[PDB]
Every structure is written in structure tokens, then in C-alpha cells.
Amino acid sequence: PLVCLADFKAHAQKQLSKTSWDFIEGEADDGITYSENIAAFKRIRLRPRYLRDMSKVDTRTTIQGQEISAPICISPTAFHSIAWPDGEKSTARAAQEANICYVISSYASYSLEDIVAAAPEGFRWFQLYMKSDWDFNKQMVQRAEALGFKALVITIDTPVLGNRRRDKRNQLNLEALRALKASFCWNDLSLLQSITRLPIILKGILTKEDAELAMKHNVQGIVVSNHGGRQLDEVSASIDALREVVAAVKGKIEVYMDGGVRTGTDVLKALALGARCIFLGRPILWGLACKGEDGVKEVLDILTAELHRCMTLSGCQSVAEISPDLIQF
Amino acid sequence: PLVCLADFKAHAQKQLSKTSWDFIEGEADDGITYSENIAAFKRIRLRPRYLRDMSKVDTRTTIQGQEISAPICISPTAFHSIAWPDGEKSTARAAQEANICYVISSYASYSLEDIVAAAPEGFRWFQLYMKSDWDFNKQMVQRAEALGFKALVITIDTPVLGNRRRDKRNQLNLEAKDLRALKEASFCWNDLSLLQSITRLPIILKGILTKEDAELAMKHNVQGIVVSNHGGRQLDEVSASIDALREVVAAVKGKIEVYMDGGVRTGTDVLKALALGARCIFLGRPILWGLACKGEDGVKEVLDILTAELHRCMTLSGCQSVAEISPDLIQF
Amino acid sequence: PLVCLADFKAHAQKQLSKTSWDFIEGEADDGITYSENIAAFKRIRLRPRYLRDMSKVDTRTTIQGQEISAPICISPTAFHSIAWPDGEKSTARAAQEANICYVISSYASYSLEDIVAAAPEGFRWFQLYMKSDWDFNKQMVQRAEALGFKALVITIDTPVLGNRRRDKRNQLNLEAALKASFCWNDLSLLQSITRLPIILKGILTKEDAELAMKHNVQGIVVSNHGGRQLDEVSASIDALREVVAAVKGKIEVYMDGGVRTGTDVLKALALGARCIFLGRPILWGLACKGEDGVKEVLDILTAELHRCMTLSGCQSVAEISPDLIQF
Amino acid sequence: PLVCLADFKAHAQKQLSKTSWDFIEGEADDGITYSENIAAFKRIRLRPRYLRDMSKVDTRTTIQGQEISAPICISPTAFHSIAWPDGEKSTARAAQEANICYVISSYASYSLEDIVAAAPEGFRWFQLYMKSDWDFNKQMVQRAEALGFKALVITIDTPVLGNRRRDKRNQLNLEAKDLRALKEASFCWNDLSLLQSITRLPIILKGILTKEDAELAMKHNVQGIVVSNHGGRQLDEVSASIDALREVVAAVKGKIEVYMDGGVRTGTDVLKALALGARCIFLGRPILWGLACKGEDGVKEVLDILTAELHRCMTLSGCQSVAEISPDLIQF
Ligand SMILES: Cc1cc2nc3c(=O)[nH]c(=O)nc-3n(C[C@H](O)[C@H](O)[C@H](O)COP(=O)(O)O)c2cc1C
Ligand SMILES: Cc1cc2nc3c(=O)[nH]c(=O)nc-3n(C[C@H](O)[C@H](O)[C@H](O)COP(=O)(O)O)c2cc1C
Ligand SMILES: Cc1cc2nc3c(=O)[nH]c(=O)nc-3n(C[C@H](O)[C@H](O)[C@H](O)COP(=O)(O)O)c2cc1C
Ligand SMILES: Cc1cc2nc3c(=O)[nH]c(=O)nc-3n(C[C@H](O)[C@H](O)[C@H](O)COP(=O)(O)O)c2cc1C
């Protein structure tokens, strides 16, 4: 059986064509950061505190005031239909039942309407790639607000697409809203915040300088991320960049992260280092590829179970008790 | 032939079903700490002192006042019957003949009575997982005292079981024996004061990895600490036990004896733990490997081999006795 | 298809005999530096700056006052004929069309005349291994000046050939070819018999960088000869730092050794290099598709530089700073 | 063809039985130091100085006042007959022609007389393992002085033999010769005065790895030190010899000559040892690889190759003579 996220990865590959699998991996250039996102987590040492009463371990928390089952959410990932026919519809249902945040990609296989319809009560954010046509922009935002999305995610590390050698060697042809065959800057944010009442979360920040700019522009949150190493390669591992970003923000706004989260202690470490919660990219697709909706739900349940387990073992009764004292410096 | 502990590991695998072998390995999650426990030992560099008179190398020492052949003992490990039919009985006999301390697991294949009967004079401690009932607890403690156990080991790093992927993928089914395998904790510091106030036996806390918990251990007046990460079978990605040993020893400042387990496989590992402040080391898996290969004779051979190696590296490094093994031996 | 330099490397191997492939690899002794040249680049972490207007990314720059398409040029490499019949002629044409500098080896398969004839307008430097007779030397220099070469490259890390075990085990026999006491003082002389700027290639230390400036040369190419000479020296990208720090911008500093992807170029520039040079990749390009191969290798690397500059927030070569490097 | 020492190693293996090959490898216990001796050399970065006049590169030097072709000599290694029938005789001839120092083992396959007879003018030292019987000791020493040996080497890191797992698993049986292989020590610092009262030959201590032992060496007035860990065949997990060299050299401060062995395989290794303060290096296994491949010609080729490499890296780095090889060459 599939007992951890790594098993879902190994199994997901088989149910997918090399073309679709390589796209889901899609490391950029020499693929240094893709591997580093994981190695960076494995290097960190934990300092457990035993003999504490751990009879009741609470895994709940909140992001942007909204409560969720665990600090484990779904990061935006395009075309879920390459993994499972139902695409985002299955993902939405699983996210709703798991009661966590599902960030829908700007390039989903199904329309936002179809997705929302599949899981009405789901907590969800919308990742929108801004275009030159701001009429499309404000209309997409209003459309999102109308559909119940509770936040807008702006990914900033993709002005252009990363260089994924595998996709190029396979000459693309993404065959699962059809698959599509940027000049956005800090000032453009001022105009976006004027057309929406939705909190804005900037995704892709890796430095304290950009973190400072993010606060000067009054955004509601930051997702520390290097796009899973699919964009600019040889940058810091997201879990490492998390430290300086957290230190610069000083708790003014919520900071999250993604990239390489695969096991319970990775979540534990991100939280202890200052993140409000983590987001999953590829694991969600692995879940879909294996068992559709049940697959996504299983990945989420497994990671949550592991967090619950390492919190118990390390001596953290609740997310609030997860501190940097847990981290070996 | 089997000439070192590594050979017993390689050979042990073959006489055991993948199910049983995976259970004995049982690294948790990504299995980082399991490997690190060994790598951490290999990184440490020794500074030998030559041309000293090493005609008489003494390997003896004491723990809790009791004398033993070498600072090499048996850490608690459940269900020995999955490795050899005789289970803990063969282990007890080997431990008694080697004259070292045998810590018996709370989940042994045979009853304490049968185990003690097999080796009456054996020096032994008892690792007891405390339960809700303060009657089952005190009765187990009294039963232990009655049977001759000279110490109570309280393992603190297992409030819940570690996530061993292999066992899960093999869906368990632990089929070894007598005392059946449990199909499948709220104990805190205050419960100690209570346990301590109901037994006279010295108490050794197993699983401490931090100076903070080492301080708490002393405030609660326990008699000893076994620095350990449960062989990487519990919370993974914590420090290697040989590395954690340092901050624990520094915090304790010699007030109480500090021991360790986790990755000890060769003589110099024992040497390094002692030079770093440990009173002695305990062996987990190697004992089971010994059982799987030759039963009682296997366990005895593993103990004799490690002892012979310690004796050899002590001779080579210039340490006439356990008392002469100091941190000067360690490259800082 | 071949989508990156690594692909050209893997494919190049097949179209060449082990003898020729080993010669193009030619790591010296234990081959430590050859690998380190790449590993040293991979270790460096980048600090991107997002949300800047990257609608117009300029990849152009100049070396010795001459403008080029990108800070990506061709380092001197002998006998191009072992990779493609046309040898340096194909290389020359490709370099001319890509509009970058092509440093021609002192041991080319074709004469300088034939090479220049193949690509008249090409920007090129000449790497000349000095010999004892100062007549031959000055005649070679005058011959170069006459042919249009805009700079003279002196390679200093090769007083004797490196110990390439592979070539020895294959007993040589380079069949597509020839079967030093030069010191600092000799420079003063060469400078008197030529008006061409002199670029020293192979400097790895700040001490030699100082001496280079005292002898008033026009440029330095930080290099370890691709790990083909003295092995176990620093990686060129690492040695770059102390050479740049000693030179303090007095003269242009370049580098070669292990450049294979866009960010490598980005990193050398952020660290102070004016531009980088490619050694083996050019030969891989020739081995695969001749002139088209070399051109593709140059275009690919250029496209990658353009992409990471866009991603990292560098609108032009002038905006590539050490703030980009994680210290 | 064989173009470097590595090739001789690869080829030597084939002409030898696993038994004999494993004995020549013989890493102790987990075999950490054996590998580290090489990796330690590879980590050091060189800083070459170009455009210097290297038309004349001198590779000569002296040890104990005696001049030699290059700072490359032969360390003591027992039973050369397991590699080539002629054993030490071939080695002696090759060493004599290469004009370097040949340290003969206390456990050679041939008698010192036969060895000396094979190469009369050879520069050579004698490594003698001191015994309980000092009559045997002074007679061996006098016998050595009589035969022309110019120095006595005392190996101090082998009071007992290292634990070579391979040999044990192969159950020994060393079958190579004349002087039979022994079927299988209490020497201390004070014994050095006794030895110094029976001989006038300079004494070189082999096996020192620490500044403490280096200080003691000087207090006992010996003539030289060979920094060595016995090729990782004795106490394992000690520092790599090239790394230990530094603290030994710093403690000695030029009072006596310091040499080293362990992992030297290529020209730059020799260069680095010299730059770090060693007077010269000694080769262990390489010499045996040479014998196994081509007997006398093999040993000579190994020596010529390493010498050629030293000459080459000296030329490239900008060192006109051994005297010009300085620590400025090393990246700190
Ligand atoms: C197939 C795939 C598609 C993705 N699509 C998007 C997208 O449309 N928008 C976005 O902001 N990020 C996208 N990402 C990146 C994720 O949001 C996330 O940054 C990254 O994958 C997280 O790392 P992980 O996969 O290690 O969890 C995608 C990643 C993958 C693997
Ligand atoms: C099969 C197996 C069973 C174990 N059972 C117990 C147990 O019942 N109680 C306990 O405190 N530790 C148990 N341990 C952990 C050991 O006490 C010890 O911490 C660890 O295995 C030591 O490491 P080593 O195996 O590297 O020697 C067990 C370990 C193994 C491999
Ligand atoms: C086959 C081959 C031949 C070379 N010939 C020369 C030469 O004649 N002169 C010179 O200065 N460098 C020569 N080099 C070295 C290059 O100029 C350059 O320093 C080095 O290869 C750059 O590293 P790279 O291969 O990683 O790009 C040669 C390199 C190779 C692989
Ligand atoms: C087969 C073999 C036999 C050896 N015999 C001796 C010996 O009798 N006496 C001694 O002092 N060292 C002996 N050594 C160790 C060498 O003197 C030297 O310390 C070590 O091998 C040097 O390392 P290298 O082999 O890396 O050069 C022996 C080594 C080998 C491999």
C-alpha cells in the first residue's frame, strides 16, 4: 500500500506518460534547487522535549483569519487533468473535506465555476497571472470574488517560464480549458488593491529586500517559494530562505512556504522557523494520479497524521507551541 | 566466518523474513537519524598516545555501583523470539556469562520469571512502559524488585510509536514465544515523583537528547540517563546520539552517570562514547543480529567481539584502563 | 533534440573515437579540478529580485572596447579538425554570425589565413605560444596584426604539458599536429614589438594578478586550463574572486572553466568578470553539427543568460552585481 | 600500459590471490583512515606561481645528511615475496638504481645479508620491532650496523596488530622466500634510552600523529619522525597522515627532520607534503604494486613515475628546487 508521500511519487510515475511525469517534475536547467529543497530540510536537526503531557495534540491553525484542520494546504499547480480526468474538481472536493486551503491555479483544466460547483463550501484562494489587459484582470478578480474565493495569490517568480530541459527534449504537446500554446511590477500592485477587497498574497519571495518591498506595498501575506526549482535554478532552498524573510517581516504579516515538504517534520520545521503554514505542490498531483479525489485526500491525511505524530513526539501540544527552540542552531 | 558486528548484520538478514528484518531495522520516516547515528561516530578523529606501557589493559568498570566486564551492555529490545526461538532466555544466559548488564524490554517474548530462571545470577535492569493504572504499575515494579532487577528504565521518547514505513507497507503481522504481541501515553515529569515515591529501585531515564531535559532529570533526582534517539525508530531527524551525548554530559557535570546507545558497532565507537563522558554504552540491534545468527552463542560472540575491539583500540590509543579514557583522545 | 550544452556533450562523445574524446576531456592526473570547475559553480546561491520591469533585457557588453552580442566567447582550443572536417573555419563563421569574440588557438588545424578568409568580419583574438627565436615570435605577431586580430592572448599556465593519463594510455596518435622558458621580463619585450593589447590567460592568484598589472597588460583570463594542466588548484570561478579583488577594476578580468549554463555566466559577471569564454562546449558543438553546432551552443547559452537575467531582475549586463550572490 | 601508480594498483590486484591482495590492502576495522589518507590530500588546493624561469628543476634533497634523487622513498613493508619471488632483493636493486632510501622491514622474506648482497651500494634504513629479549635486540642492531644500514626505524603504532577484517574472514594462511612468516609488545619511551646505549645509528620514530608525542620524541633526542598512521592498518579513525603532518611540523619547529607516508600516489601529493614541512615522503603499498606487476622493473617504474610527476608539478607551480617548495603554495 501507499503509506507516505514518497510512495505516491513512485506510484504516480507509472500511471503517467513520461511526457506528463517530466512536466510534473520539470526541474529547471541543472536541477540543483529541486533536490536542494529536500536536502535543506533533511539537514536541520530537531531538539525534542519529552515527558510533557501530550494526550491532546491540536493540529489546527488559521491563515488570514480562516481556520483550517492543519497548516497543510494546496499550492497552485496547473492542469490537474494530466493526472486525473476530474482534474481540479477532485482536488476541490478533497480539499473541502480535509478543511484546508486550496489555491487554484490560473491555468486549471476546468473553469472556476465548475470547480467551485464541485465543492461549494471549500476554503480557497485564487492564483492569477496578471496580464497587460487589465480589463481581463479586474474581471477575473471580480469573477473570483463572486465565486467565493477568499484571497488572491500573485506569483512573482514567473515573469517568463523556467527552462525545463525535459519538456523541451519531449517537445511539449501537453495532452491531458485548453492548454496555452509579463511586465507586472511593484507599482502595478497599487492598482490591483484598488479593484479588489481580497487580501493579496505574494508568492515567490526569497529575499529580505523583496520582503520589505512587500510590506511597503501593504500586501496581506507572503509565500516563500522558489517555484519548486522550476524557474530560476540555483537559488536558496525555500526552507532556508524562510529564515531571512521571517526575520525581516517581524510578524507584521503571515509568512508561508512551499517547496520540498514531504514528511511531517518538514511541516514542523517550517512552523518552528516562523511559517504560518506550508503548501504542497507536486504531492497533490501524485495523489490525483494515483487515486483521484481519494488520492489527494490520502496525501493530506497522511501528512497531517505525521505532523500530529512529530508534534506529539517533540513535545508540542499545539501549533502555537512549535517554536525555534525545537531547531538546532 | 563472522568476524565483526557488520558480519552479524549481513548474515542476520538472511535467516529472517523481510517482515522481521524490516521490523528490526525500522527506521522512522525518511530514516535520517538511523544512518546519522553511525556517520556521527565515523566523523570523530582519535588522537592516540604511543609508547606507554600497555601490557595490562583493564576493560572493567561499574554502573550504578555494579561491576561489569566492559562498558558494553544490552539495551532494551522487544520480542527476541523473532530472531531466535529461545528469545530473551538465550539473551539472558549470554549476558550473564559475559557479565554485563541486560536491560529487559517491557515487551519481551517470555515472562520475566522464565527469563530470570534461565540465568539466575545475571545483572539486569527492567525497562517498563508506564500505563494509566497506578496499580498495574506498582505491581509490575514490585514484581520486578521481587525478581532481582537492580534498576528501572523509563523510556521517555515513545509517547506514541514512530512511523516505520516498512512495517506499514508490510502491514505488520509480527509472527514470532508466549506473551503475545500487543496488536497496537500521557506520562509526564510529575508522574515520576509519584513513581519514585512508590519504588526504591534506581531510575534511569532513556531517550534524553537535550540539556534542558537533562536538567529536569536531575531536578527530579533520577539515578541515571541513557542518551538515545531510540535508534532512529521514533522522532527522526534529531541529533545523532553520540553528538547529543556532549551537551547532556556537559549539563550533568558528573552528578549522575550518563550512558548512550545508537550506532555502536565497533571498538572505537565504545572508546569515543567513554572519552566523551559516557559511563558505558548499550547495544540495540547487534544483540538481535547475534540471536538471529547463533542464538545464545551469537549474542555472546557479539559481546566478546566488541569487547575484544575495545581492548584493542584502548591498547593502541594508550589507555590502560577505562579511567584513562579521556576527551584528550578526541580531536576538537 | 539537443536543448542544452550537456546534451551536446553526451552526443559529441558518440561521433568521436575514444582517442579524440579523451583528448577533449583530458583531465590531468587525478582529475580533481576538472570536476571542481563545475561543482564550484553549482554551490553558489543566487538572490533574485522580483517585480522589476524586465520587458527589455539587454545581453550586450564590450571587451577591450569591442561590442559583442553577449559576455559569451570562445576560449582557445587546439585542432578543431578532430571534431569536424572544416575545423576552425566552421567555428570562425559561427562566431562571426553570433557576433562574439573567437580566440584562435596557436595549434589550429587550418592556417590563420584560411580561417580569416572563411569569416572576414569576425571579431577575433590570437593565442600565441611564445618560442625562443624572437624573429618567429615577432613575425607571428605582425602576421596576426596584418590579419585583423584585435588582441594577443598569452597562456601562462602551460610551460610544460599537463599529465593526461587517458592520452598516455591511448598512446596519443592524434589523427584528425606537433609530435617553455617564458617569464615576466619577456613580457616587456613582446610589448615593444606589438601594439595589440595583451591578455594573460591562466592567472589563478592575486600575486600573479599584481605582477600582471605591474607589467601593464590589458586583460586577464582567470583560468586553470580546464583542469588539463596543474591539477588540484582552485576552481576558476573561485579563483575569480581574489583576482578581481586585487585588480580593483584597473583592467578587464575574464574567466573560463566549467561554464555550461546561463546562471554560470550570470555568476561570473556578478563576481566581477567582464565576460566568460567557452572551451570544450565549442568542440562539442562542432562534433555534433559543425558550424551550426557551434552557433547553437552559443545561442543556447545566450538564451539562458537572457532568461536568468530576466528571472533574477537584471535588465542589462551592467545591472548584474554581487548583491545577486549569497555570501 | 601502466602510466601512473593507480594503474599499478589495478594491475597488481590481478597477479595476486585475494588472500595476498587483501593483506596488502588490510584496512583496519571500518577502514575509515585508509580512504581518508587519500581524500585528505585531494582536498588541499594549490596556488601556482607562473612565468618564472623553470628551465632547470632540481628534485634532489637530503635526509639525515644523505643525498637522494627525490624526496620519494620506500617505507617498511613486510614479506615482499608475496608480490614477487625475488622479494626484497628486487626492491633493493630498484631502490639503489633510483638512488633513494629503502627502509627494510623487520619481517622481510629474505635475510638482511641476502638483501644487502643484491644491492651493495644501496642507501637503506632498518625498521626493527623491538622484543622482550634485548640480546636479540642489540645483536640485530649490531648486525644492521655491520651490514651498512644508516638508520634505525622504530615503529611505535603497532604494540599489537590492527584488526584487519579481511585477513580474518580469509583466515590468514600467508603463503608466499625463506625467512618464514611468523604465525603471529611492551616497548615504551624509557626503553628508548636502553636502545640508544647499544647503538650510535640515528633513530627515526615512525607512527607519530600528535604534537604531544612529537614533543616526547624530541625530549628523548631521536633524529627524525615519520608522521604516519600505518596506512590505516592499525588504529582506525585517526587523522589522515597529511593532516597530522601540520601539528607535528609546528611542534618540532625544524629541530629534527619530519617525514610522512600514507596515501601518497601522485606528484602533487609529494609536493603538498614538502610544502607543509615534510623533508620527504615514503611509499608503502605502491612499492608492492610495482613488485607484483614487473618485479624490480615494476618498483623502479613506480619510483620514476612519481619522480617525473613531482618534477612536473614543481615546474607548473613555479618551484625550481625542493628548497623553493613553501607553504605559500597551500591554500589556507
Ligand atoms: C506541474 C506543476 C504545475 C505548477 N503550476 C503552478 C502555477 O500555475 N502557478 C504557480 O504559482 N505555481 C505553480 N507550480 C508551483 C507550485 O505552486 C509550488 O511553488 C511548487 O511546486 C512547490 O513545490 P513542491 O512541488 O516541492 O511542493 C507548479 C508546480 C508543478 C509541479
Ligand atoms: C527490534 C527493536 C526493538 C526495540 N524495542 C525497544 C523497547 O521495547 N523499548 C525501548 O526502550 N527501546 C527499544 N528499542 C530501541 C533500543 O532500546 C535502542 O534505543 C536502539 O535500538 C539502540 O540502537 P542500536 O540499535 O543502534 O544499537 C528497540 C530497537 C529495535 C531495533
Ligand atoms: C581539447 C582542448 C584543447 C585546448 N587547447 C588549448 C590551447 O591550445 N591553448 C590554450 O590557451 N588553451 C587550450 N585549452 C583550454 C581552454 O582554452 C580553456 O582554458 C578550458 O578548456 C576552458 O574550460 P572548459 O572546457 O570548461 O570550457 C584546450 C582545452 C581543450 C579541452
Ligand atoms: C603489506 C604491508 C606491509 C607492511 N609492513 C610494515 C612493517 O613491517 N613495518 C612498518 O613499520 N610498517 C609496515 N607497513 C606500513 C607502511 O610502513 C606504511 O606505514 C603505510 O603502508 C604507508 O601507506 P601507503 O601504503 O599509503 O603508502 C605495511 C603496509 C603494507 C600495505
# chains A, B, ... in the order shown; residues from 1 in each chain; ligands from 1

$ residues_near_ligand --ligand "ligand 4" --cutoff "9 Å" --atoms "only C-alpha atoms and all ligand atoms" --output "ChimeraX atom specification"
/D:20-27,34,37-38,74-80,82,103-108,127-129,153-158,206-207,226-233,241,260-265,281-288

$ calpha_fit_rmsd --fixed "chain B" --moving "chain D"
0.2 Å

$ residues_near_ligand --ligand "ligand 1" --cutoff "6 Å" --atoms "only C-alpha atoms and all ligand atoms" --output "PyMOL selection string"
chain A and resi 23-25+75-78+105-107+155+225+227-228+258-261+280-282

$ residues_near_ligand --ligand "ligand 3" --cutoff "6 Å" --atoms "only C-alpha atoms and all ligand atoms" --output "PDB file with C-alpha atoms, in the first residue's frame"
ATOM      1  CA  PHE C  23      41.795  14.243 -25.630  1.00  0.00           C
ATOM      2  CA  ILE C  24      38.935  16.741 -25.469  1.00  0.00           C
ATOM      3  CA  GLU C  25      38.272  15.714 -21.843  1.00  0.00           C
ATOM      4  CA  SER C  75      38.409  30.255 -25.498  1.00  0.00           C
ATOM      5  CA  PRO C  76      41.423  28.956 -27.444  1.00  0.00           C
ATOM      6  CA  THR C  77      41.236  25.213 -28.180  1.00  0.00           C
ATOM      7  CA  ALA C  78      43.606  23.321 -30.450  1.00  0.00           C
ATOM      8  CA  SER C 105      44.463  28.571 -30.787  1.00  0.00           C
ATOM      9  CA  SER C 106      48.174  28.581 -31.515  1.00  0.00           C
ATOM     10  CA  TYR C 107      47.674  24.998 -32.679  1.00  0.00           C
ATOM     11  CA  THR C 155      48.681  31.448 -21.948  1.00  0.00           C
ATOM     12  CA  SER C 223      41.582  30.019 -15.812  1.00  0.00           C
ATOM     13  CA  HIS C 225      43.139  25.425 -18.374  1.00  0.00           C
ATOM     14  CA  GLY C 226      40.034  23.329 -17.707  1.00  0.00           C
ATOM     15  CA  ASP C 256      36.691  30.177 -18.371  1.00  0.00           C
ATOM     16  CA  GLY C 257      36.383  26.689 -16.917  1.00  0.00           C
ATOM     17  CA  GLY C 258      33.131  24.872 -16.288  1.00  0.00           C
ATOM     18  CA  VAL C 259      30.695  27.386 -17.805  1.00  0.00           C
ATOM     19  CA  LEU C 278      33.939  28.509 -23.555  1.00  0.00           C
ATOM     20  CA  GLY C 279      36.412  25.699 -24.137  1.00  0.00           C
ATOM     21  CA  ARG C 280      35.019  22.173 -24.584  1.00  0.00           C
TER      22      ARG C 280
END

$ select_by_dssp --residues "region 33-92 of chain C" --states "alpha helix (DSSP H)" --output "PyMOL selection string"
chain C and resi 33-43+88-92

$ interface_residues --of "chain D" --to "chain C" --cutoff "9 Å" --atoms "only C-alpha atoms" --output "ChimeraX atom specification"
/D:1-4,42-55,266-268,309,312-313,315-317,331

$ atom_distance --atom1 "CA of residue 305 (chain D)" --atom2 "CA of residue 236 (chain C)"
28.1 Å

$ closest_residue --among "A:329, A:125, A:110, A:286" --to "chain B" --atoms "only C-alpha atoms"
A:329

$ residues_around --residues "residue 99 (chain B)" --least-positions-apart "2" --cutoff "10 Å" --atoms "only C-alpha atoms" --output "list in words"
residues 67, 68, 69, 70, 72, 73, 93, 94, 95, 96, 97, 101, 102, 121, 122, 123 and 303 of chain B
